[PDB]
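Enquirer: Input: one structure, supplied below.
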Protein chains: 4
Amino acid sequence: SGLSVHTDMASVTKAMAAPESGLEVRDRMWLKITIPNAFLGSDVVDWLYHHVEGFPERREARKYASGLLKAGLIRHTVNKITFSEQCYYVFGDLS
Amino acid sequence: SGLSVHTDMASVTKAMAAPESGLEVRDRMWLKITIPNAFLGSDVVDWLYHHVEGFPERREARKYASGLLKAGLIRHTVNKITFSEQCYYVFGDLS
Amino acid sequence: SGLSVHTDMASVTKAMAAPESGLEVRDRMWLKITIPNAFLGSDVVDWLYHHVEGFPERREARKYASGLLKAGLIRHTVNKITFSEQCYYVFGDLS
Amino acid sequence: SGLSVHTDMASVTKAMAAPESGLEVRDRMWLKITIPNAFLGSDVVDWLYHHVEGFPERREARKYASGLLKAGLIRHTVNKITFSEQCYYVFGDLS
């Protein structure tokens with residue numbers, strides 16, 4: 001019992017920050033952003049496979065989604081060249 | 001049915017964009033960022049409750065954590081005011 | 001001087017990471033996200049002041065904007081409470 | 001003068017949201033994230049060009065930085081394969 005409510009706050013925080021303190025530490029985090037009308041890449045692939053005739057298997061639906069990205073019909077919410085099923089997308093200008 | 005691999009891409013996309021198309025759309029996104037030594041507010045509360053003497057129940061370790069936030073000993077990864085156990089934090093300057 | 005294209009990469013990097021190396025390091029990052037139809041709080045205030053009759057000075061159009069935020073007519077792109085003219089917003093549901 | 005402080009708030013907001021309302025609208029936004037010890041790709045290239053002997057011009061310094069990324073000695077804060085001078089980075093595990 002070396003720390004208590006009477007120890008100065010700064011010292012308790014440097015204790016918590018030390019290697020092997022026991023504090024569960026992360027090198028990743030997730031942030032929520034409010035964006036109207038965003039969608040997952042996997043959901044797009046699902047929609048195509050179920051509603052567009054002529055895909056022999058789900059693989060070809062992924063290739064078609066990647067085509068939509070290339071053409072600017074859908075857009076990455078943060079700019080990467082590669083289509084990925086875990087990233088989020090929005091529609092392009094469809095006017 | 002109405003759409004195939006022969007339909008033009010722009011029209012397939014405008015069908016996917018229409019109301020009631022069945023595409024899962026949401027007003028939010030989740031973004032993964034690499035940030036070394038970040039931690040959940042709930043993991044700060046748990047650490048305090050188990051390593052610092054004099055909290056009669058867990059509620060009191062949450063109030064202490066808020067106090068660390070106010071003092072700048074820990075910092076929100078996106079400037080907010082209220083301490084929340086579901087958000088991610090980093091250490092402030094301790095030197 | 002001490003480092004060249006013949007030095008091992010890991011050692012060059014540890015030198016760059018040392019205190020007083022001269023590398024510009026900061027406690028913040030800026031991230032660019034594609035989000036259709038977003039807008040600055042200052043541009044909402046300006047719009048209101050110029051298009052809506054009965055604001056004796058600009059301060060009163062800022063208070064009206066806060067009122068839109070409270071009602072959910074506009075939304076913060078990252079859930080905060082306070083209206084700020086330097087942040088970005090989107091439209092809520094209006095139907 | 002068709003809108004005023006006496007018009008219902010919802011209607012003023014749908015006015016502001018209409019095409020050609022005059023409201024300045026964005027398809028991009030910038031978010032600030034607090035991350036200890038982050039740095040710009042361009043700053044890294046500068047540091048190398050000025051402190052590591054054997055670069056005939058700044059171009060070769062960019063190629064070397066891209067090598068550090070590939071080797072995991074520096075890391076992207078959001079995961080892309082390409083090194084870019086406008087993105088932000090953090091150090092890898094240098095233990």
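Please note that chains go A, B, ... in the order of the structure tokens, that every chain numbers its residues from 1, and that ligands are numbered from 1 in the order shown.
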Report as JSON, numbers by chain: the residues of segment 10-77 of chain B with a DSSP assignment of helix (DSSP H, G or I), based on the backbone of this structure.

Expert: {"B": [10, 11, 12, 13, 14, 15, 16, 17, 41, 42, 43, 44, 45, 46, 47, 48, 49, 50, 51, 58, 59, 60, 61, 62, 63, 64, 65, 66, 67, 68, 69, 70, 71]}

Enquirer: Keeping only N, CA and C atoms, write the selected residues as an mmCIF file, in the first residue's frame.

Expert:
```cif
data_model
loop_
_atom_site.group_PDB
_atom_site.id
_atom_site.type_symbol
_atom_site.label_atom_id
_atom_site.label_comp_id
_atom_site.auth_asym_id
_atom_site.auth_seq_id
_atom_site.Cartn_x
_atom_site.Cartn_y
_atom_site.Cartn_z
ATOM 1 N N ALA B 10 -22.104 3.562 -63.792
ATOM 2 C CA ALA B 10 -22.762 4.749 -63.182
ATOM 3 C C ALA B 10 -24.232 4.464 -62.786
ATOM 4 N N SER B 11 -24.953 3.697 -63.614
ATOM 5 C CA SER B 11 -26.343 3.389 -63.305
ATOM 6 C C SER B 11 -26.481 2.385 -62.147
ATOM 7 N N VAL B 12 -25.565 1.420 -62.078
ATOM 8 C CA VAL B 12 -25.515 0.458 -60.965
ATOM 9 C C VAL B 12 -25.298 1.225 -59.662
ATOM 10 N N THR B 13 -24.425 2.217 -59.716
ATOM 11 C CA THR B 13 -24.084 2.989 -58.533
ATOM 12 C C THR B 13 -25.239 3.881 -58.100
ATOM 13 N N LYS B 14 -25.941 4.488 -59.074
ATOM 14 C CA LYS B 14 -27.092 5.341 -58.734
ATOM 15 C C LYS B 14 -28.241 4.505 -58.154
ATOM 16 N N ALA B 15 -28.402 3.258 -58.626
ATOM 17 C CA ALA B 15 -29.359 2.330 -57.995
ATOM 18 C C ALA B 15 -28.976 1.989 -56.560
ATOM 19 N N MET B 16 -27.679 1.750 -56.324
ATOM 20 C CA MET B 16 -27.175 1.446 -54.973
ATOM 21 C C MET B 16 -27.362 2.645 -54.053
ATOM 22 N N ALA B 17 -27.220 3.857 -54.588
ATOM 23 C CA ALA B 17 -27.424 5.109 -53.825
ATOM 24 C C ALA B 17 -28.898 5.520 -53.522
ATOM 25 N N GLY B 41 -10.129 5.272 -20.718
ATOM 26 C CA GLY B 41 -10.463 5.857 -19.431
ATOM 27 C C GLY B 41 -10.851 4.813 -18.392
ATOM 28 N N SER B 42 -11.552 3.753 -18.812
ATOM 29 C CA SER B 42 -11.946 2.641 -17.923
ATOM 30 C C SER B 42 -10.740 1.867 -17.340
ATOM 31 N N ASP B 43 -9.671 1.771 -18.124
ATOM 32 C CA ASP B 43 -8.435 1.162 -17.654
ATOM 33 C C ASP B 43 -7.671 2.070 -16.670
ATOM 34 N N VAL B 44 -7.810 3.389 -16.774
ATOM 35 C CA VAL B 44 -7.276 4.313 -15.746
ATOM 36 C C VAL B 44 -8.070 4.132 -14.453
ATOM 37 N N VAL B 45 -9.394 4.086 -14.563
ATOM 38 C CA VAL B 45 -10.203 3.902 -13.359
ATOM 39 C C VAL B 45 -9.850 2.588 -12.660
ATOM 40 N N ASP B 46 -9.825 1.478 -13.410
ATOM 41 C CA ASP B 46 -9.479 0.177 -12.832
ATOM 42 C C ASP B 46 -8.091 0.189 -12.120
ATOM 43 N N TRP B 47 -7.077 0.772 -12.766
ATOM 44 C CA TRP B 47 -5.731 0.877 -12.210
ATOM 45 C C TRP B 47 -5.742 1.589 -10.852
ATOM 46 N N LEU B 48 -6.413 2.733 -10.820
ATOM 47 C CA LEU B 48 -6.516 3.536 -9.607
ATOM 48 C C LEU B 48 -7.198 2.779 -8.499
ATOM 49 N N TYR B 49 -8.374 2.212 -8.791
ATOM 50 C CA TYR B 49 -9.148 1.450 -7.790
ATOM 51 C C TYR B 49 -8.365 0.319 -7.129
ATOM 52 N N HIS B 50 -7.499 -0.326 -7.887
ATOM 53 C CA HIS B 50 -6.742 -1.462 -7.408
ATOM 54 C C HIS B 50 -5.356 -1.121 -6.841
ATOM 55 N N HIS B 51 -4.779 0.038 -7.179
ATOM 56 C CA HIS B 51 -3.404 0.363 -6.748
ATOM 57 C C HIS B 51 -3.282 1.545 -5.804
ATOM 58 N N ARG B 58 -15.710 2.156 -6.258
ATOM 59 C CA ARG B 58 -15.203 2.508 -7.582
ATOM 60 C C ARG B 58 -15.561 3.907 -8.103
ATOM 61 N N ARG B 59 -16.763 4.403 -7.762
ATOM 62 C CA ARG B 59 -17.187 5.785 -8.051
ATOM 63 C C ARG B 59 -16.122 6.832 -7.686
ATOM 64 N N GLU B 60 -15.428 6.619 -6.571
ATOM 65 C CA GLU B 60 -14.482 7.600 -6.048
ATOM 66 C C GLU B 60 -13.193 7.598 -6.864
ATOM 67 N N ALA B 61 -12.805 6.451 -7.434
ATOM 68 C CA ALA B 61 -11.667 6.378 -8.379
ATOM 69 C C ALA B 61 -11.950 7.020 -9.764
ATOM 70 N N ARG B 62 -13.209 6.987 -10.188
ATOM 71 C CA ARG B 62 -13.632 7.746 -11.361
ATOM 72 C C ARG B 62 -13.503 9.262 -11.126
ATOM 73 N N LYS B 63 -13.926 9.768 -9.966
ATOM 74 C CA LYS B 63 -13.795 11.225 -9.663
ATOM 75 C C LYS B 63 -12.323 11.689 -9.630
ATOM 76 N N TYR B 64 -11.454 10.847 -9.074
ATOM 77 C CA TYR B 64 -9.992 11.059 -9.078
ATOM 78 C C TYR B 64 -9.448 11.149 -10.494
ATOM 79 N N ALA B 65 -9.869 10.223 -11.348
ATOM 80 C CA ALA B 65 -9.492 10.271 -12.769
ATOM 81 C C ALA B 65 -9.889 11.585 -13.456
ATOM 82 N N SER B 66 -11.120 12.045 -13.224
ATOM 83 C CA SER B 66 -11.556 13.354 -13.737
ATOM 84 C C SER B 66 -10.617 14.462 -13.287
ATOM 85 N N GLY B 67 -10.228 14.435 -12.003
ATOM 86 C CA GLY B 67 -9.214 15.337 -11.415
ATOM 87 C C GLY B 67 -7.864 15.321 -12.149
ATOM 88 N N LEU B 68 -7.426 14.145 -12.576
ATOM 89 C CA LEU B 68 -6.210 14.061 -13.407
ATOM 90 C C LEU B 68 -6.399 14.758 -14.742
ATOM 91 N N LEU B 69 -7.591 14.627 -15.327
ATOM 92 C CA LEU B 69 -7.923 15.285 -16.585
ATOM 93 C C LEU B 69 -7.925 16.801 -16.477
ATOM 94 N N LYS B 70 -8.575 17.320 -15.437
ATOM 95 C CA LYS B 70 -8.614 18.752 -15.122
ATOM 96 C C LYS B 70 -7.238 19.365 -14.923
ATOM 97 N N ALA B 71 -6.389 18.686 -14.165
ATOM 98 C CA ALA B 71 -5.000 19.104 -13.923
ATOM 99 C C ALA B 71 -4.049 18.997 -15.137
#
```

Enquirer: Write out the coordinates of chain D as a short mmCIF file (atom, residue, chain, number, x, y, z; two decimals) with N, CA, C and O atoms, in the first residue's frame after a least-squares overlay onto chain B built on all ordered Cα pairs.

Expert:
```
data_model
loop_
_atom_site.label_atom_id
_atom_site.label_comp_id
_atom_site.auth_asym_id
_atom_site.auth_seq_id
_atom_site.Cartn_x
_atom_site.Cartn_y
_atom_site.Cartn_z
N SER D 1 -34.33 -9.50 -62.24
CA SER D 1 -32.92 -9.39 -62.74
C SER D 1 -32.72 -8.16 -63.67
O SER D 1 -32.32 -8.30 -64.83
N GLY D 2 -32.99 -6.97 -63.15
CA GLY D 2 -32.87 -5.74 -63.93
C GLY D 2 -31.48 -5.11 -64.05
O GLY D 2 -31.31 -4.18 -64.86
N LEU D 3 -30.52 -5.56 -63.24
CA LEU D 3 -29.13 -5.10 -63.29
C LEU D 3 -28.21 -6.28 -63.56
O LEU D 3 -28.46 -7.39 -63.07
N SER D 4 -27.14 -6.04 -64.30
CA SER D 4 -26.16 -7.07 -64.60
C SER D 4 -24.75 -6.48 -64.82
O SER D 4 -24.54 -5.26 -64.83
N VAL D 5 -23.80 -7.38 -65.07
CA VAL D 5 -22.44 -6.98 -65.48
C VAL D 5 -22.39 -6.20 -66.82
O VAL D 5 -21.39 -5.59 -67.13
N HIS D 6 -23.46 -6.20 -67.59
CA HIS D 6 -23.50 -5.37 -68.81
C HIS D 6 -24.08 -3.96 -68.64
O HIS D 6 -23.99 -3.17 -69.58
N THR D 7 -24.70 -3.65 -67.50
CA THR D 7 -25.26 -2.29 -67.24
C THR D 7 -24.11 -1.32 -66.99
O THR D 7 -23.10 -1.73 -66.43
N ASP D 8 -24.25 -0.04 -67.34
CA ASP D 8 -23.14 0.88 -67.08
C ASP D 8 -22.94 1.03 -65.56
O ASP D 8 -23.90 0.98 -64.77
N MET D 9 -21.68 1.22 -65.16
CA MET D 9 -21.30 1.23 -63.73
C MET D 9 -21.95 2.36 -62.97
O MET D 9 -22.34 2.18 -61.81
N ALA D 10 -22.02 3.54 -63.58
CA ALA D 10 -22.64 4.70 -62.94
C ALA D 10 -24.11 4.45 -62.54
O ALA D 10 -24.58 4.90 -61.46
N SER D 11 -24.84 3.79 -63.44
CA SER D 11 -26.25 3.52 -63.19
C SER D 11 -26.43 2.51 -62.04
O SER D 11 -27.31 2.70 -61.20
N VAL D 12 -25.58 1.48 -61.98
CA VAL D 12 -25.60 0.49 -60.89
C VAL D 12 -25.33 1.20 -59.57
O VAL D 12 -25.98 0.90 -58.57
N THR D 13 -24.39 2.16 -59.58
CA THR D 13 -24.08 2.91 -58.35
C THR D 13 -25.25 3.81 -57.92
O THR D 13 -25.59 3.88 -56.74
N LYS D 14 -25.90 4.53 -58.86
CA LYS D 14 -27.08 5.31 -58.48
C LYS D 14 -28.25 4.40 -58.01
O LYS D 14 -29.01 4.80 -57.13
N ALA D 15 -28.40 3.21 -58.60
CA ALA D 15 -29.35 2.21 -58.04
C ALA D 15 -29.06 1.91 -56.56
O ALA D 15 -29.98 2.02 -55.70
N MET D 16 -27.80 1.54 -56.29
CA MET D 16 -27.34 1.22 -54.91
C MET D 16 -27.54 2.38 -53.93
O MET D 16 -27.87 2.15 -52.77
N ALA D 17 -27.37 3.61 -54.40
CA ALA D 17 -27.56 4.83 -53.59
C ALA D 17 -28.99 5.26 -53.36
O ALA D 17 -29.21 6.17 -52.58
N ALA D 18 -29.97 4.64 -54.01
CA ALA D 18 -31.38 5.09 -53.91
C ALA D 18 -32.00 4.74 -52.55
O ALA D 18 -31.62 3.70 -51.96
N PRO D 19 -32.95 5.55 -52.07
CA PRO D 19 -33.72 5.08 -50.91
C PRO D 19 -34.34 3.69 -51.15
O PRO D 19 -34.75 3.36 -52.27
N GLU D 20 -34.28 2.87 -50.09
CA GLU D 20 -34.77 1.49 -50.05
C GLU D 20 -34.08 0.52 -51.03
O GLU D 20 -34.62 -0.52 -51.34
N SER D 21 -32.85 0.81 -51.46
CA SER D 21 -32.07 -0.12 -52.29
C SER D 21 -31.77 -1.46 -51.62
O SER D 21 -31.49 -2.46 -52.30
N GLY D 22 -31.76 -1.45 -50.27
CA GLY D 22 -31.29 -2.57 -49.47
C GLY D 22 -29.85 -2.39 -48.94
O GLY D 22 -29.44 -3.12 -48.04
N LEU D 23 -29.08 -1.45 -49.49
CA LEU D 23 -27.70 -1.24 -49.04
C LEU D 23 -27.72 -0.85 -47.57
O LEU D 23 -28.42 0.06 -47.21
N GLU D 24 -26.97 -1.56 -46.73
CA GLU D 24 -26.82 -1.19 -45.31
C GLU D 24 -26.00 0.10 -45.13
O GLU D 24 -24.79 0.13 -45.43
N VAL D 25 -26.68 1.14 -44.65
CA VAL D 25 -26.12 2.49 -44.49
C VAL D 25 -25.94 2.93 -43.01
O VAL D 25 -26.70 2.52 -42.12
N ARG D 26 -24.91 3.75 -42.79
CA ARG D 26 -24.41 4.15 -41.46
C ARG D 26 -24.42 5.67 -41.33
O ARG D 26 -24.10 6.36 -42.29
N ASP D 27 -24.75 6.21 -40.16
CA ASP D 27 -24.43 7.62 -39.88
C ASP D 27 -23.25 7.76 -38.89
O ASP D 27 -22.95 8.85 -38.44
N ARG D 28 -22.58 6.65 -38.57
CA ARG D 28 -21.41 6.65 -37.72
C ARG D 28 -20.30 5.82 -38.40
O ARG D 28 -20.57 4.95 -39.24
N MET D 29 -19.05 6.12 -38.06
CA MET D 29 -17.92 5.24 -38.41
C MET D 29 -16.81 5.40 -37.40
O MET D 29 -16.77 6.39 -36.65
N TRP D 30 -15.93 4.39 -37.40
CA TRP D 30 -14.80 4.28 -36.48
C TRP D 30 -13.52 4.31 -37.29
O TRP D 30 -13.40 3.63 -38.31
N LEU D 31 -12.57 5.11 -36.84
CA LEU D 31 -11.29 5.22 -37.51
C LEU D 31 -10.19 4.77 -36.52
O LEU D 31 -10.26 5.10 -35.37
N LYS D 32 -9.22 4.00 -37.00
CA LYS D 32 -8.04 3.61 -36.22
C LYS D 32 -6.88 4.59 -36.47
O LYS D 32 -6.53 4.90 -37.61
N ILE D 33 -6.32 5.11 -35.40
CA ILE D 33 -5.15 5.99 -35.48
C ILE D 33 -4.06 5.34 -34.63
O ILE D 33 -4.32 4.97 -33.48
N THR D 34 -2.87 5.24 -35.22
CA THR D 34 -1.67 4.79 -34.55
C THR D 34 -1.10 5.91 -33.71
O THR D 34 -0.67 6.94 -34.24
N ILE D 35 -1.14 5.72 -32.39
CA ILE D 35 -0.61 6.67 -31.43
C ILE D 35 0.18 5.86 -30.38
O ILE D 35 -0.41 5.02 -29.70
N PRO D 36 1.48 6.10 -30.22
CA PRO D 36 2.17 5.33 -29.15
C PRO D 36 1.61 5.68 -27.76
O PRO D 36 1.31 6.83 -27.52
N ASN D 37 1.43 4.69 -26.89
CA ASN D 37 1.10 4.92 -25.49
C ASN D 37 -0.22 5.60 -25.19
O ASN D 37 -0.28 6.40 -24.24
N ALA D 38 -1.27 5.25 -25.92
CA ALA D 38 -2.62 5.70 -25.58
C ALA D 38 -3.37 4.67 -24.73
O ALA D 38 -3.07 3.47 -24.74
N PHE D 39 -4.38 5.15 -24.03
CA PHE D 39 -5.11 4.28 -23.11
C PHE D 39 -6.56 4.75 -22.92
O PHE D 39 -6.86 5.94 -23.01
N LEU D 40 -7.45 3.79 -22.66
CA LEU D 40 -8.87 4.04 -22.39
C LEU D 40 -9.11 4.62 -21.00
O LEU D 40 -8.41 4.23 -20.04
N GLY D 41 -10.12 5.49 -20.88
CA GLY D 41 -10.48 6.10 -19.60
C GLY D 41 -10.92 5.07 -18.58
O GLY D 41 -10.66 5.23 -17.39
N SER D 42 -11.56 4.00 -19.04
CA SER D 42 -12.03 2.92 -18.15
C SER D 42 -10.88 2.12 -17.54
O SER D 42 -10.92 1.81 -16.35
N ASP D 43 -9.86 1.83 -18.35
CA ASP D 43 -8.61 1.23 -17.86
C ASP D 43 -7.89 2.04 -16.76
O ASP D 43 -7.29 1.47 -15.84
N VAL D 44 -7.91 3.36 -16.88
CA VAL D 44 -7.31 4.23 -15.87
C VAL D 44 -8.10 4.08 -14.60
O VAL D 44 -7.49 3.90 -13.55
N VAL D 45 -9.42 4.18 -14.69
CA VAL D 45 -10.31 4.00 -13.50
C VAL D 45 -10.09 2.64 -12.82
O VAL D 45 -9.90 2.59 -11.59
N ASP D 46 -10.05 1.55 -13.61
CA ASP D 46 -9.66 0.21 -13.09
C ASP D 46 -8.32 0.22 -12.32
O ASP D 46 -8.23 -0.33 -11.21
N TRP D 47 -7.28 0.83 -12.91
CA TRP D 47 -5.93 0.81 -12.32
C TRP D 47 -5.92 1.49 -10.95
O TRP D 47 -5.30 0.98 -9.99
N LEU D 48 -6.62 2.63 -10.86
CA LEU D 48 -6.75 3.40 -9.63
C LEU D 48 -7.51 2.63 -8.54
O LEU D 48 -7.08 2.59 -7.38
N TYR D 49 -8.61 2.00 -8.94
CA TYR D 49 -9.45 1.28 -7.99
C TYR D 49 -8.70 0.12 -7.42
O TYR D 49 -8.77 -0.11 -6.22
N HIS D 50 -7.93 -0.59 -8.26
CA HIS D 50 -7.13 -1.73 -7.79
C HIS D 50 -5.76 -1.43 -7.12
O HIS D 50 -5.26 -2.31 -6.42
N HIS D 51 -5.17 -0.25 -7.30
CA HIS D 51 -3.81 0.03 -6.81
C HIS D 51 -3.67 1.23 -5.88
O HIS D 51 -2.59 1.43 -5.36
N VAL D 52 -4.72 2.01 -5.65
CA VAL D 52 -4.63 3.18 -4.80
C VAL D 52 -5.62 3.02 -3.65
O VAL D 52 -6.83 3.05 -3.86
N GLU D 53 -5.08 2.87 -2.44
CA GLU D 53 -5.90 2.71 -1.24
C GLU D 53 -6.75 3.95 -0.91
O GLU D 53 -6.31 5.10 -1.07
N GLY D 54 -7.97 3.68 -0.43
CA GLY D 54 -8.88 4.72 0.08
C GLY D 54 -10.07 5.08 -0.79
O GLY D 54 -10.70 6.09 -0.54
N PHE D 55 -10.39 4.29 -1.81
CA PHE D 55 -11.64 4.49 -2.59
C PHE D 55 -12.72 3.57 -2.03
O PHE D 55 -12.60 2.36 -2.19
N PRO D 56 -13.78 4.14 -1.37
CA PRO D 56 -14.87 3.29 -0.84
C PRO D 56 -15.61 2.49 -1.91
O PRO D 56 -16.06 1.38 -1.64
N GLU D 57 -15.78 3.07 -3.11
CA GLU D 57 -16.19 2.31 -4.30
C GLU D 57 -15.70 2.96 -5.61
O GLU D 57 -15.17 4.07 -5.62
N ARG D 58 -15.88 2.22 -6.70
CA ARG D 58 -15.32 2.57 -8.02
C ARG D 58 -15.67 3.98 -8.50
O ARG D 58 -14.88 4.60 -9.21
N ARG D 59 -16.87 4.44 -8.12
CA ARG D 59 -17.32 5.83 -8.30
C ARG D 59 -16.29 6.90 -7.93
O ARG D 59 -16.11 7.87 -8.68
N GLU D 60 -15.67 6.75 -6.76
CA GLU D 60 -14.65 7.70 -6.28
C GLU D 60 -13.37 7.61 -7.11
O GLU D 60 -12.66 8.59 -7.29
N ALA D 61 -13.06 6.42 -7.62
CA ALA D 61 -11.94 6.28 -8.56
C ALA D 61 -12.19 7.11 -9.84
O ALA D 61 -11.26 7.77 -10.31
N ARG D 62 -13.43 7.11 -10.36
CA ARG D 62 -13.80 7.95 -11.55
C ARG D 62 -13.65 9.45 -11.28
O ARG D 62 -13.14 10.22 -12.12
N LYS D 63 -14.07 9.88 -10.11
CA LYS D 63 -13.88 11.27 -9.71
C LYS D 63 -12.39 11.67 -9.64
O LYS D 63 -12.02 12.78 -10.03
N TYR D 64 -11.54 10.77 -9.16
CA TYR D 64 -10.10 11.04 -9.08
C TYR D 64 -9.51 11.15 -10.50
O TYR D 64 -8.73 12.06 -10.76
N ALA D 65 -9.92 10.27 -11.42
CA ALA D 65 -9.42 10.32 -12.82
C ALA D 65 -9.81 11.65 -13.47
O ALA D 65 -8.98 12.31 -14.10
N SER D 66 -11.04 12.06 -13.27
CA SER D 66 -11.48 13.36 -13.71
C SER D 66 -10.61 14.51 -13.15
O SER D 66 -10.31 15.47 -13.87
N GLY D 67 -10.19 14.42 -11.89
CA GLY D 67 -9.16 15.32 -11.30
C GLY D 67 -7.82 15.32 -12.05
O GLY D 67 -7.20 16.37 -12.24
N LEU D 68 -7.36 14.15 -12.49
CA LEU D 68 -6.09 14.07 -13.21
C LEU D 68 -6.20 14.80 -14.54
O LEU D 68 -5.24 15.47 -14.97
N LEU D 69 -7.37 14.68 -15.18
CA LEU D 69 -7.62 15.37 -16.45
C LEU D 69 -7.57 16.86 -16.24
O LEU D 69 -6.82 17.55 -16.93
N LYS D 70 -8.36 17.35 -15.30
CA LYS D 70 -8.39 18.77 -14.96
C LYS D 70 -6.98 19.34 -14.75
O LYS D 70 -6.66 20.41 -15.24
N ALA D 71 -6.13 18.59 -14.04
CA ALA D 71 -4.76 19.03 -13.75
C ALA D 71 -3.75 18.87 -14.90
O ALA D 71 -2.57 19.20 -14.74
N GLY D 72 -4.17 18.36 -16.05
CA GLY D 72 -3.26 18.15 -17.17
C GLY D 72 -2.30 16.99 -17.02
O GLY D 72 -1.42 16.86 -17.84
N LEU D 73 -2.45 16.16 -15.98
CA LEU D 73 -1.59 14.99 -15.79
C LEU D 73 -1.87 13.87 -16.82
O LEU D 73 -0.97 13.16 -17.21
N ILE D 74 -3.13 13.73 -17.24
CA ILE D 74 -3.50 13.00 -18.46
C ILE D 74 -4.19 14.02 -19.40
O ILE D 74 -4.72 15.05 -18.94
N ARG D 75 -4.16 13.74 -20.70
CA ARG D 75 -4.77 14.62 -21.74
C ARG D 75 -5.67 13.84 -22.71
O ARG D 75 -5.32 12.73 -23.15
N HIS D 76 -6.83 14.43 -23.02
CA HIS D 76 -7.69 13.99 -24.13
C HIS D 76 -6.95 13.97 -25.45
O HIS D 76 -6.21 14.93 -25.76
N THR D 77 -7.17 12.93 -26.25
CA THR D 77 -6.66 12.90 -27.59
C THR D 77 -7.46 13.77 -28.57
O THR D 77 -6.91 14.21 -29.59
N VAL D 78 -8.75 14.01 -28.31
CA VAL D 78 -9.47 15.12 -29.00
C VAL D 78 -10.13 15.93 -27.90
O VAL D 78 -10.70 15.36 -27.00
N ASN D 79 -10.05 17.26 -28.00
CA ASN D 79 -10.31 18.14 -26.82
C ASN D 79 -11.76 18.31 -26.42
O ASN D 79 -12.56 18.90 -27.14
N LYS D 80 -12.09 17.75 -25.26
CA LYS D 80 -13.38 17.90 -24.62
C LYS D 80 -13.07 18.32 -23.20
O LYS D 80 -11.95 18.12 -22.73
N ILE D 81 -14.03 18.92 -22.52
CA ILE D 81 -13.82 19.30 -21.12
C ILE D 81 -14.10 18.09 -20.25
O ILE D 81 -13.38 17.85 -19.29
N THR D 82 -15.13 17.31 -20.60
CA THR D 82 -15.58 16.22 -19.75
C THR D 82 -14.66 15.00 -19.83
O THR D 82 -14.14 14.68 -20.91
N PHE D 83 -14.41 14.37 -18.68
CA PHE D 83 -13.73 13.08 -18.63
C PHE D 83 -14.77 12.05 -19.03
O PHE D 83 -15.90 12.11 -18.60
N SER D 84 -14.38 11.11 -19.87
CA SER D 84 -15.27 10.01 -20.25
C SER D 84 -14.50 8.70 -20.29
O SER D 84 -13.39 8.65 -20.81
N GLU D 85 -15.10 7.65 -19.73
CA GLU D 85 -14.47 6.34 -19.71
C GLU D 85 -14.35 5.67 -21.08
O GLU D 85 -13.56 4.76 -21.22
N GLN D 86 -15.12 6.10 -22.09
CA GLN D 86 -14.98 5.53 -23.44
C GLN D 86 -13.98 6.24 -24.35
O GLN D 86 -13.65 5.72 -25.41
N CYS D 87 -13.50 7.42 -23.97
CA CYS D 87 -12.54 8.15 -24.80
C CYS D 87 -11.09 7.65 -24.54
O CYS D 87 -10.83 6.98 -23.53
N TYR D 88 -10.15 7.96 -25.46
CA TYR D 88 -8.74 7.63 -25.27
C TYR D 88 -7.91 8.81 -24.80
O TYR D 88 -8.16 9.94 -25.24
N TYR D 89 -6.89 8.52 -23.96
CA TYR D 89 -6.04 9.56 -23.35
C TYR D 89 -4.57 9.24 -23.52
O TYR D 89 -4.24 8.13 -23.89
N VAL D 90 -3.71 10.27 -23.34
CA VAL D 90 -2.27 10.12 -23.23
C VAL D 90 -1.77 10.86 -22.00
O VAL D 90 -2.49 11.69 -21.43
N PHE D 91 -0.55 10.55 -21.55
CA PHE D 91 0.01 11.27 -20.42
C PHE D 91 0.38 12.73 -20.75
O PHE D 91 0.68 13.07 -21.92
N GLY D 92 0.32 13.58 -19.74
CA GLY D 92 0.84 14.95 -19.84
C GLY D 92 2.37 14.97 -19.76
O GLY D 92 3.00 13.91 -19.68
N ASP D 93 2.97 16.16 -19.75
CA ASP D 93 4.41 16.30 -19.48
C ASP D 93 4.67 15.94 -18.00
O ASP D 93 4.23 16.66 -17.10
N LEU D 94 5.36 14.83 -17.76
CA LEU D 94 5.64 14.42 -16.39
C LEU D 94 7.09 14.68 -16.00
O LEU D 94 7.54 14.17 -14.98
N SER D 95 7.81 15.50 -16.79
CA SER D 95 9.14 15.97 -16.40
C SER D 95 9.02 17.11 -15.41
O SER D 95 9.90 17.28 -14.56
#
```

Enquirer: Could you give me, as an MDAnalysis selection string, each residue of chain C that DSSP assigns to strand (DSSP E) when run on this structure's backbone?

Expert: chainID C and resid 26:40 74:76 88:91
